[PDB]
Amino acid sequence: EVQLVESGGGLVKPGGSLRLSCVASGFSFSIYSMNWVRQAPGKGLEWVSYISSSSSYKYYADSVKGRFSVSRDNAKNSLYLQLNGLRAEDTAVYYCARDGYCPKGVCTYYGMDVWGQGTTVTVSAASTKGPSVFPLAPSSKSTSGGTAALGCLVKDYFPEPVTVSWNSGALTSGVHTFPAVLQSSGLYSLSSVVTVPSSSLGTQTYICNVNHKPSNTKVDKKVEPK
Amino acid sequence: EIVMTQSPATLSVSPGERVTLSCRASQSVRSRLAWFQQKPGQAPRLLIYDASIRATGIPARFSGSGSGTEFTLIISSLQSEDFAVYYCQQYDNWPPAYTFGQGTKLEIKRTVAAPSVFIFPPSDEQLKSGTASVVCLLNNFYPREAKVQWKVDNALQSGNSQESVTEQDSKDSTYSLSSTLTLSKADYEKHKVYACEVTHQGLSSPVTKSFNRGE
């Protein structure tokens with residue numbers, strides 16, 4: 001099968017450097033042009049860089065020009081992107097994509113048909129931090145019909161991700177785990193909520209299980225009615 | 001740079017119907033126009049290149065048309081796996097300068113569902129830490145458009161809330177939404193009444209859930 005595989009992304013302090021690599025297999029890599037395309041969290045695709053098959057022409061989007069450097073090594077079937085002066089807006093999933101087919105120098109485009117799986121670059125001055133887990137306690141302000149809402153606030157952690165289950169997996173009905181938001185602190189934060197019958201609160205125990213594998217944090221938080 | 005414009009950015013559609021996605025360029029890009037499909041947490045997938053040619057392995061219900069500055073992607077009979085984001089992309093003049101549209105998301109049409117609003121005061125465990133977070137939960141609503149306004153002692157709040165919304169639920173195709181009002185400990189103790197006010201298409205009037213600090 002035709003295959004593109006990236007790696008090299010990770011946590012970089014602001015103004016730092018990082019070098020991404022994309023290795024190809026299954027096709028003649030030396031006759032294809034190559035692209036780097038990135039995607040900011042919650043945003044659309046942005047083209048970043050082009051390199052011709054011969055390495056003769058290298059072109060850049062204006063948002064990265066002067067700071068980034070594309071290169072390739074056809075012997076190792078490799079494409080490289082050097083990122084310098086990294087900023088928080090450069091935080092993205094970076095993809096390498098196949099471009100024009102140039103047998104004997106005669107290029108034909110056919111679209112960006114083969115993509116890699118993407119490598120994630122996170123630019124933050126934050127450090128690895130386990131989350132604080134606070135209860136969103138059910139009360140009359142979160143009981144409406146016959147349904148109570150309760151939850152857990154998984155606040156101030158870095159990096160992504162965390163996993164949240166309820167009652168060690170026994171509770172899945174009506175569970176909503178929100179996408180993480182990036183706070184001004186550079187730390188992430190999310191909430192996990194569940195709706196239960198309100199007449200269950202005095203008798204059923206609700207525990208959220210938060211796990212943050214980057215740090216060494218495994219929390220079981222009992223959420224009790226207020 | 002050539003600006004690709006995908007308007008509208010969302011379409012509410014049902015399986016089986018013919019759906020049309022629009023793409024506009026700020027200058028003529030001839031037929032050098034490609035369409036991609038992207039599902040969350042996955043690499044983009046080439047659907048169309050050269051404005052109208054289907055990429056290898058793409059089902060026949062996808063078809064592209066248009067030229068110059070006006071382009072169109074047609075799904076003749078929408079299937080349930082076709083719900084995704086769709087990007088157009090030009091590649092016209094030689095020094096590459098490739099640009100993408102901002103995307104059109106296809107979402108599952110269903111009936112209007114009003115949100116159930118729940119408010120959560122800060123926990124005492126968090127209050128001892130020196131920060132207070134109030135959470136407003138808007139549960140199982142449709143369509144996506146809802147407004148949450150925060151009021152602290154009946155005064156509209158600005159710039160101190162963050163919002164987060166789930167994907168369409170795999171069973172009932174509704175959305176849920178959290179709004180987290182984040183305050184310093186000192187600011188939180190200085191006011192009494194905390195309220196979030198919810199306006200939505202399925203509500204006949206605004207819904208306000210409130211509490212007074214210290215129950």
# chains A, B, ... in the order shown; residues from 1 in each chain; ligands from 1
>>> closest_atom_pairs(of="chain B", to="chain A", cutoff="8 Å", atoms="only C-alpha atoms", output="CSV")
residue,atom,partner,partner_atom,distance
B:34,CA,A:111,CA,6.7
B:42,CA,A:117,CA,7.1
B:43,CA,A:117,CA,5.7
B:44,CA,A:115,CA,7.3
B:45,CA,A:113,CA,7.1
B:46,CA,A:113,CA,5.4
B:48,CA,A:111,CA,7.7
B:49,CA,A:111,CA,5.4
B:50,CA,A:110,CA,7.4
B:55,CA,A:113,CA,7.4
B:95,CA,A:59,CA,7.3
B:96,CA,A:59,CA,7.0
B:97,CA,A:61,CA,6.6
B:98,CA,A:47,CA,6.0
B:99,CA,A:47,CA,6.2
B:100,CA,A:45,CA,6.3
B:101,CA,A:44,CA,7.7
B:102,CA,A:44,CA,5.4
B:103,CA,A:44,CA,6.6
B:116,CA,A:144,CA,7.8
B:117,CA,A:142,CA,7.5
B:118,CA,A:142,CA,4.4
B:119,CA,A:142,CA,5.8
B:120,CA,A:136,CA,5.8
B:121,CA,A:136,CA,7.5
B:122,CA,A:136,CA,7.6
B:123,CA,A:135,CA,6.4
B:125,CA,A:134,CA,6.8
B:126,CA,A:134,CA,6.6
B:135,CA,A:136,CA,8.0
B:162,CA,A:181,CA,7.5
B:163,CA,A:181,CA,7.8
B:164,CA,A:179,CA,6.3
B:165,CA,A:178,CA,6.4
B:166,CA,A:178,CA,5.7
B:176,CA,A:176,CA,7.5
B:177,CA,A:178,CA,7.9
B:178,CA,A:178,CA,7.7
B:209,CA,A:141,CA,6.8
B:210,CA,A:141,CA,7.2
B:211,CA,A:141,CA,7.3
>>> select_by_dssp(residues="chain A", states="strand (DSSP E)", output="JSON, numbers by chain")
{"A": [3, 4, 5, 6, 7, 11, 12, 18, 19, 20, 21, 22, 23, 24, 25, 32, 33, 34, 35, 36, 37, 38, 39, 45, 46, 47, 48, 49, 50, 51, 58, 59, 60, 68, 69, 70, 71, 72, 73, 78, 79, 80, 81, 82, 83, 92, 93, 94, 95, 96, 97, 98, 99, 100, 101, 119, 120, 121, 122, 123, 132, 133, 134, 135, 136, 147, 148, 149, 150, 151, 152, 153, 154, 155, 156, 157, 163, 164, 165, 166, 175, 176, 177, 181, 182, 188, 189, 190, 191, 192, 193, 194, 195, 196, 197, 206, 207, 208, 209, 210, 211, 212, 217, 218, 219, 220, 221, 222, 223]}
>>> atom_distance(atom1="atom CA of residue 129 of chain A", atom2="atom CA of residue 184 of chain A")
15.2 Å
>>> residues_around(residues="residue 212 of chain B", least_positions_apart="6", cutoff="12 Å", atoms="only C-alpha atoms", output="number ranges by chain")
A: 141; B: 119-122, 134, 151-154, 188-195
>>> write_last_selection(atoms="N, CA, C and O atoms", output="short mmCIF file (atom, residue, chain, number, x, y, z; two decimals), in the first residue's frame")
data_model
loop_
_atom_site.label_atom_id
_atom_site.label_comp_id
_atom_site.auth_asym_id
_atom_site.auth_seq_id
_atom_site.Cartn_x
_atom_site.Cartn_y
_atom_site.Cartn_z
N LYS A 141 -30.79 23.42 41.84
CA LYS A 141 -30.38 24.21 40.68
C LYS A 141 -29.93 23.35 39.50
O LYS A 141 -29.69 23.89 38.42
N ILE B 119 -27.25 24.65 36.46
CA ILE B 119 -26.16 25.50 36.94
C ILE B 119 -25.49 24.84 38.14
O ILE B 119 -26.16 24.22 38.98
N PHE B 120 -24.16 24.93 38.19
CA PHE B 120 -23.34 24.31 39.24
C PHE B 120 -22.51 25.36 39.95
O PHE B 120 -21.64 25.98 39.31
N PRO B 121 -22.73 25.60 41.24
CA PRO B 121 -21.87 26.53 42.00
C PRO B 121 -20.48 25.93 42.18
O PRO B 121 -20.30 24.72 42.00
N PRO B 122 -19.48 26.75 42.51
CA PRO B 122 -18.14 26.20 42.75
C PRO B 122 -18.12 25.26 43.95
O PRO B 122 -18.88 25.44 44.91
N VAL B 134 -18.03 28.57 37.93
CA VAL B 134 -19.45 28.26 37.84
C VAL B 134 -19.69 27.65 36.47
O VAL B 134 -19.20 28.17 35.46
N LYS B 151 -24.69 36.59 34.23
CA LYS B 151 -25.02 37.78 35.00
C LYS B 151 -24.56 37.56 36.43
O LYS B 151 -24.95 36.57 37.07
N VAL B 152 -23.73 38.47 36.93
CA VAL B 152 -23.21 38.43 38.29
C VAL B 152 -23.75 39.66 39.00
O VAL B 152 -23.37 40.79 38.66
N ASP B 153 -24.64 39.43 39.97
CA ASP B 153 -25.43 40.48 40.63
C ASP B 153 -26.19 41.32 39.61
O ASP B 153 -26.21 42.56 39.68
N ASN B 154 -26.81 40.63 38.64
CA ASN B 154 -27.65 41.23 37.59
C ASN B 154 -26.86 42.23 36.73
O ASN B 154 -27.37 43.27 36.32
N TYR B 188 -15.24 36.42 43.47
CA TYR B 188 -16.40 35.56 43.70
C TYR B 188 -17.08 35.88 45.03
O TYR B 188 -18.31 35.87 45.12
N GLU B 189 -16.30 36.20 46.06
CA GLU B 189 -16.86 36.52 47.36
C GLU B 189 -17.50 37.90 47.42
O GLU B 189 -18.21 38.20 48.38
N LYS B 190 -17.24 38.76 46.42
CA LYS B 190 -17.72 40.14 46.43
C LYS B 190 -19.14 40.30 45.90
O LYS B 190 -19.68 41.41 45.96
N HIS B 191 -19.74 39.24 45.37
CA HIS B 191 -21.06 39.32 44.76
C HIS B 191 -21.94 38.18 45.26
O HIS B 191 -21.45 37.15 45.73
N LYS B 192 -23.25 38.37 45.16
CA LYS B 192 -24.19 37.41 45.72
C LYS B 192 -24.87 36.54 44.66
O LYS B 192 -24.85 35.31 44.79
N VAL B 193 -25.45 37.13 43.63
CA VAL B 193 -26.34 36.41 42.72
C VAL B 193 -25.59 36.07 41.43
O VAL B 193 -25.07 36.97 40.75
N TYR B 194 -25.55 34.79 41.09
CA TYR B 194 -24.89 34.29 39.89
C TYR B 194 -25.92 33.58 39.02
O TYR B 194 -26.63 32.69 39.50
N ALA B 195 -26.00 33.97 37.75
CA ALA B 195 -27.05 33.49 36.86
C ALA B 195 -26.53 33.31 35.44
O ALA B 195 -25.74 34.12 34.95
#
>>> atom_distance(atom1="atom CA of residue 38 of chain B", atom2="atom CA of residue 87 of chain B")
8.0 Å
>>> residues_around(residues="segment 67-74 of chain B", least_positions_apart="5", cutoff="8 Å", atoms="only C-alpha atoms", output="list in words")
residues 18, 19, 20, 21, 22, 23, 24, 25, 26, 27, 28, 29, 30, 31, 35, 51, 61 and 62 of chain B
>>> residues_around(residues="residue 84 of chain A", least_positions_apart="3", cutoff="7 Å", atoms="only C-alpha atoms", output="number ranges by chain")
A: 15-18, 67-68
>>> write_last_selection(atoms="C-alpha atoms", output="short mmCIF file (atom, residue, chain, number, x, y, z; two decimals), in the first residue's frame")
data_model
loop_
_atom_site.label_atom_id
_atom_site.label_comp_id
_atom_site.auth_asym_id
_atom_site.auth_seq_id
_atom_site.Cartn_x
_atom_site.Cartn_y
_atom_site.Cartn_z
CA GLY A 15 10.42 30.69 20.41
CA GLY A 16 11.90 27.18 20.30
CA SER A 17 12.72 24.85 17.43
CA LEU A 18 11.42 21.46 16.32
CA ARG A 67 10.81 30.92 10.16
CA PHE A 68 10.34 27.46 8.58
#
>>> closest_residue(among="A:4, A:105, A:154, A:28", to="residue 54 of chain A", atoms="only C-alpha atoms")
A:105
>>> residues_around(residues="residue 169 of chain A", least_positions_apart="5", cutoff="12 Å", atoms="only C-alpha atoms", output="PyMOL selection string")
chain A and resi 163-164+175+206-210
>>> write_last_selection(atoms="C-alpha atoms", output="PDB file, in the first residue's frame")
ATOM      1  CA  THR A 163      -9.948  10.103  30.028  1.00  0.00           C
ATOM      2  CA  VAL A 164     -13.096  10.185  32.155  1.00  0.00           C
ATOM      3  CA  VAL A 175     -22.776  10.820  29.710  1.00  0.00           C
ATOM      4  CA  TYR A 206     -21.724   8.490  41.491  1.00  0.00           C
ATOM      5  CA  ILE A 207     -17.943   8.458  41.051  1.00  0.00           C
ATOM      6  CA  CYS A 208     -16.009   9.942  38.143  1.00  0.00           C
ATOM      7  CA  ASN A 209     -12.738   8.248  37.209  1.00  0.00           C
ATOM      8  CA  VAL A 210     -10.247  10.733  35.749  1.00  0.00           C
TER       9      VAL A 210
END
>>> select_by_dssp(residues="segment 46-198 of chain B", states="helix (DSSP H, G or I)", output="ChimeraX atom specification")
/B:80-82,124-127,185-189
>>> write_last_selection(atoms="C-alpha atoms", output="short mmCIF file (atom, residue, chain, number, x, y, z; two decimals), in the first residue's frame")
data_model
loop_
_atom_site.label_atom_id
_atom_site.label_comp_id
_atom_site.auth_asym_id
_atom_site.auth_seq_id
_atom_site.Cartn_x
_atom_site.Cartn_y
_atom_site.Cartn_z
CA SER B 80 -24.75 8.30 6.82
CA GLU B 81 -20.96 8.10 6.50
CA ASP B 82 -20.94 11.35 4.47
CA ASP B 124 -15.68 24.17 48.41
CA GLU B 125 -12.65 22.08 47.44
CA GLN B 126 -11.97 24.53 44.60
CA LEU B 127 -12.90 27.58 46.70
CA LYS B 185 -11.68 33.87 44.74
CA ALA B 186 -11.84 37.51 45.88
CA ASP B 187 -14.14 38.54 43.01
CA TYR B 188 -16.40 35.56 43.70
CA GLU B 189 -16.86 36.52 47.36
#
>>> residues_around(residues="residue 213 of chain A", least_positions_apart="3", cutoff="12 Å", atoms="only C-alpha atoms", output="ChimeraX atom specification")
/A:128-131,157-164,210,216-219
>>> atom_distance(atom1="atom CA of residue 205 of chain A", atom2="atom CA of residue 196 of chain B")
28.0 Å
>>> decode(residues="segment 45-66 of chain B", atoms="N, CA, C and O atoms", output="mmCIF file, in the first residue's frame")
data_model
loop_
_atom_site.group_PDB
_atom_site.id
_atom_site.type_symbol
_atom_site.label_atom_id
_atom_site.label_comp_id
_atom_site.auth_asym_id
_atom_site.auth_seq_id
_atom_site.Cartn_x
_atom_site.Cartn_y
_atom_site.Cartn_z
ATOM 1 N N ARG B 45 -9.215 13.603 3.163
ATOM 2 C CA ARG B 45 -9.366 12.582 2.135
ATOM 3 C C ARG B 45 -9.738 13.272 0.833
ATOM 4 O O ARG B 45 -10.751 13.976 0.772
ATOM 5 N N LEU B 46 -8.917 13.080 -0.199
ATOM 6 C CA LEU B 46 -9.175 13.687 -1.498
ATOM 7 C C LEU B 46 -10.431 13.089 -2.117
ATOM 8 O O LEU B 46 -10.537 11.871 -2.279
ATOM 9 N N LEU B 47 -11.386 13.952 -2.454
ATOM 10 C CA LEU B 47 -12.588 13.556 -3.171
ATOM 11 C C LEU B 47 -12.497 13.877 -4.650
ATOM 12 O O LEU B 47 -12.726 13.004 -5.494
ATOM 13 N N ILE B 48 -12.183 15.133 -4.972
ATOM 14 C CA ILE B 48 -12.216 15.633 -6.342
ATOM 15 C C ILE B 48 -10.924 16.397 -6.595
ATOM 16 O O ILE B 48 -10.423 17.083 -5.699
ATOM 17 N N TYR B 49 -10.377 16.276 -7.803
ATOM 18 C CA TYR B 49 -9.360 17.198 -8.287
ATOM 19 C C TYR B 49 -9.731 17.634 -9.698
ATOM 20 O O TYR B 49 -10.596 17.037 -10.345
ATOM 21 N N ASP B 50 -9.055 18.690 -10.165
ATOM 22 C CA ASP B 50 -9.288 19.305 -11.483
ATOM 23 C C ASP B 50 -10.758 19.673 -11.681
ATOM 24 O O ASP B 50 -11.322 19.501 -12.766
ATOM 25 N N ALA B 51 -11.377 20.158 -10.595
ATOM 26 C CA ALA B 51 -12.767 20.609 -10.478
ATOM 27 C C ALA B 51 -13.812 19.507 -10.632
ATOM 28 O O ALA B 51 -14.862 19.576 -9.984
ATOM 29 N N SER B 52 -13.567 18.490 -11.467
ATOM 30 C CA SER B 52 -14.616 17.521 -11.759
ATOM 31 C C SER B 52 -14.180 16.063 -11.785
ATOM 32 O O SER B 52 -15.040 15.197 -11.969
ATOM 33 N N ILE B 53 -12.898 15.753 -11.610
ATOM 34 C CA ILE B 53 -12.426 14.375 -11.694
ATOM 35 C C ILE B 53 -12.466 13.743 -10.309
ATOM 36 O O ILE B 53 -11.906 14.289 -9.350
ATOM 37 N N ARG B 54 -13.129 12.590 -10.208
ATOM 38 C CA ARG B 54 -13.185 11.851 -8.953
ATOM 39 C C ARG B 54 -11.853 11.164 -8.671
ATOM 40 O O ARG B 54 -11.282 10.507 -9.548
ATOM 41 N N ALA B 55 -11.367 11.307 -7.440
ATOM 42 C CA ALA B 55 -10.141 10.642 -7.031
ATOM 43 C C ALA B 55 -10.340 9.126 -6.983
ATOM 44 O O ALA B 55 -11.466 8.614 -7.003
ATOM 45 N N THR B 56 -9.217 8.411 -6.906
ATOM 46 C CA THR B 56 -9.234 6.955 -6.938
ATOM 47 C C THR B 56 -9.989 6.389 -5.741
ATOM 48 O O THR B 56 -9.686 6.713 -4.588
ATOM 49 N N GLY B 57 -10.990 5.554 -6.024
ATOM 50 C CA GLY B 57 -11.776 4.907 -4.995
ATOM 51 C C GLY B 57 -12.940 5.705 -4.443
ATOM 52 O O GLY B 57 -13.588 5.241 -3.495
ATOM 53 N N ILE B 58 -13.230 6.882 -4.988
ATOM 54 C CA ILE B 58 -14.282 7.742 -4.445
ATOM 55 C C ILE B 58 -15.619 7.316 -5.045
ATOM 56 O O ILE B 58 -15.708 7.146 -6.270
ATOM 57 N N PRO B 59 -16.666 7.112 -4.234
ATOM 58 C CA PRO B 59 -17.948 6.633 -4.774
ATOM 59 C C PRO B 59 -18.583 7.648 -5.713
ATOM 60 O O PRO B 59 -18.351 8.854 -5.618
ATOM 61 N N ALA B 60 -19.427 7.136 -6.614
ATOM 62 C CA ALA B 60 -19.968 7.929 -7.713
ATOM 63 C C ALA B 60 -20.949 9.006 -7.272
ATOM 64 O O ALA B 60 -21.259 9.894 -8.078
ATOM 65 N N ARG B 61 -21.450 8.953 -6.034
ATOM 66 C CA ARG B 61 -22.394 9.970 -5.589
ATOM 67 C C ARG B 61 -21.727 11.326 -5.393
ATOM 68 O O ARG B 61 -22.423 12.346 -5.384
ATOM 69 N N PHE B 62 -20.402 11.363 -5.255
ATOM 70 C CA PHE B 62 -19.673 12.624 -5.235
ATOM 71 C C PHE B 62 -19.378 13.078 -6.658
ATOM 72 O O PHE B 62 -18.912 12.289 -7.486
ATOM 73 N N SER B 63 -19.640 14.352 -6.943
ATOM 74 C CA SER B 63 -19.299 14.903 -8.247
ATOM 75 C C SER B 63 -19.042 16.398 -8.114
ATOM 76 O O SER B 63 -19.766 17.103 -7.409
ATOM 77 N N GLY B 64 -18.007 16.880 -8.788
ATOM 78 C CA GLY B 64 -17.658 18.286 -8.768
ATOM 79 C C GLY B 64 -17.984 18.952 -10.091
ATOM 80 O O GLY B 64 -17.993 18.306 -11.141
ATOM 81 N N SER B 65 -18.252 20.253 -10.036
ATOM 82 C CA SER B 65 -18.498 21.029 -11.241
ATOM 83 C C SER B 65 -18.135 22.483 -10.969
ATOM 84 O O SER B 65 -17.925 22.891 -9.824
ATOM 85 N N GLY B 66 -18.049 23.259 -12.038
ATOM 86 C CA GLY B 66 -17.763 24.677 -11.956
ATOM 87 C C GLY B 66 -16.417 25.014 -12.574
ATOM 88 O O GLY B 66 -15.612 24.145 -12.911
#
